[PDB]
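Inspection log for the structure reproduced underneath, given as structure tokens.
By convention in this document, chain letters (A, B, ...) are assigned in the order of the sequence lines, proteins followed by strands, and residues within each chain are numbered from 1. FYI, side chains are in, hydrogens and waters are out, and symmetry mates aren't considered; it's all heavy atoms of this structure.
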Amino acid sequence: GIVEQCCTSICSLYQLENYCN
Amino acid sequence: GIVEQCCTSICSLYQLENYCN
Amino acid sequence: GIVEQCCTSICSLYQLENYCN
Amino acid sequence: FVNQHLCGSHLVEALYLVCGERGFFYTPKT
Amino acid sequence: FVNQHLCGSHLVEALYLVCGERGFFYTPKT
Amino acid sequence: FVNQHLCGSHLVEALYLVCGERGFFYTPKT
Ligand SMILES: [Zn+2]
């Protein structure tokens with residue numbers, strides 16, 4: 001999830017846009 | 001103190017309110 | 001540089017002012 | 001874009017800029 | 001509320017929201 | 001002044017306050 005994809009690992013722009021509405 | 005209670009260890013809401021006026 | 005002087009090591013006020021214009 | 005580990009309020013700020021008008025869900029589960 | 005180690009300007013911001021009108025003393029001694 | 005390791009947006013904020021009207025160049029190379 002949000003903390004394992006973007007804080008535990010290095011995300012990107014579109015992995016972060018996945019958590020939008 | 002403030003750095004050992006809330007940064008070195010995990011504080012709460014009311015341990016943080018202790019450092020108010 | 002900027003990341004090795006001020007993030008990898010401990011900078012100061014005037015080492016940070018070096019990166020101004 | 002950033003090449004890093006976004007954590008805490010940094011992580012919520014990134015989510016604030018990138019989504020914009022859509023908004024986001026911040027769910028901090030492990 | 002947060003379940004974490006509040007450090008630096010995060011720690012001062014937390015102290016800013018939670019105290020409010022009372023204000024706070026930030027004293028960073030080890 | 002701060003006696004610490006300034007990293008990320010903290011590092012850019014420090015550079016924002018201290019330079020002011022002059023501005024700055026943020027170049028994050030390793
Ligand atoms: Zn931070």
Side-chain angles (χ1 to χ4, degrees), chain A, chain D:
Chain A
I2 218 179
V3 176
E4 281 192 43
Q5 290 282 282
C6 295
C7 174
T8 300
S9 297
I10 298 177
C11 269
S12 62
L13 174 59
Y14 292 120
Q15 286 177 69
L16 196 71
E17 301 232 39
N18 289 167
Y19 296 106
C20 301
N21 300 329
Chain D
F1 201 68
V2 278
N3 193 344
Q4 65 166 264
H5 303 282
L6 301 164
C7 308
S9 53
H10 292 313
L11 174 56
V12 181
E13 272 298 280
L15 286 167
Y16 183 66
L17 173 69
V18 171
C19 297
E21 199 183 75
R22 286 76 166 271
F24 60 92
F25 53 94
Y26 187 68
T27 49
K29 37 253 196 180
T30 300

For the atom pair CG (D:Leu15) and CD1 (A:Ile2), what is the distance rounded to the nearest 0.5 Å? 5.0 Å
d(A:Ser9 OG, D:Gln4 CD) to nearest 0.5 Å is 13.5 Å
Evaluate A:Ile10 against D:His5 for side chain to side chain contact (heavy atoms under 4.5 Å, CB included), listing each step before the verdict. CA-CA 5 Å; A:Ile10 298 177; D:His5 303 282; 3.6 Å; yes
Measure the shortest side-chain to side-chain distance between D:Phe24 and A:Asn18 over non-hydrogen atoms and say whether it is less than 4.5 angstrom. no
Heavy-atom distance under 4.5 Å between the side chains of D:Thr30 and A:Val3, does that happen here? no
Under a 4.5 Å cutoff for heavy-atom pairs, which residue among D:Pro28, D:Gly8, D:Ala14, D:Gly23 has the most contacts with chain A? D:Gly23
Under 4.5 Å from any heavy atom of chain A - which part of D:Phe25: both
Using non-hydrogen atoms only, which part of A:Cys11 is less than 4.5 Å away from chain D: side chain, backbone, both, or neither? backbone
Under 4.5 Å from a heavy atom of chain D, the part of A:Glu17 involved: both
Return yes when atom CG of D:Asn3 has more than 12 non-hydrogen atoms of other residues, nucleotides or ligands closer than 6.0 Å, and no otherwise. no
Heavy-atom count around D:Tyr26 OH within 6.0 Å, excluding the residue itself: above 12? yes
Can you name the nearest heavy-atom pair linking D:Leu6 to A:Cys7, along with the distance? O-CB, 3.2 Å
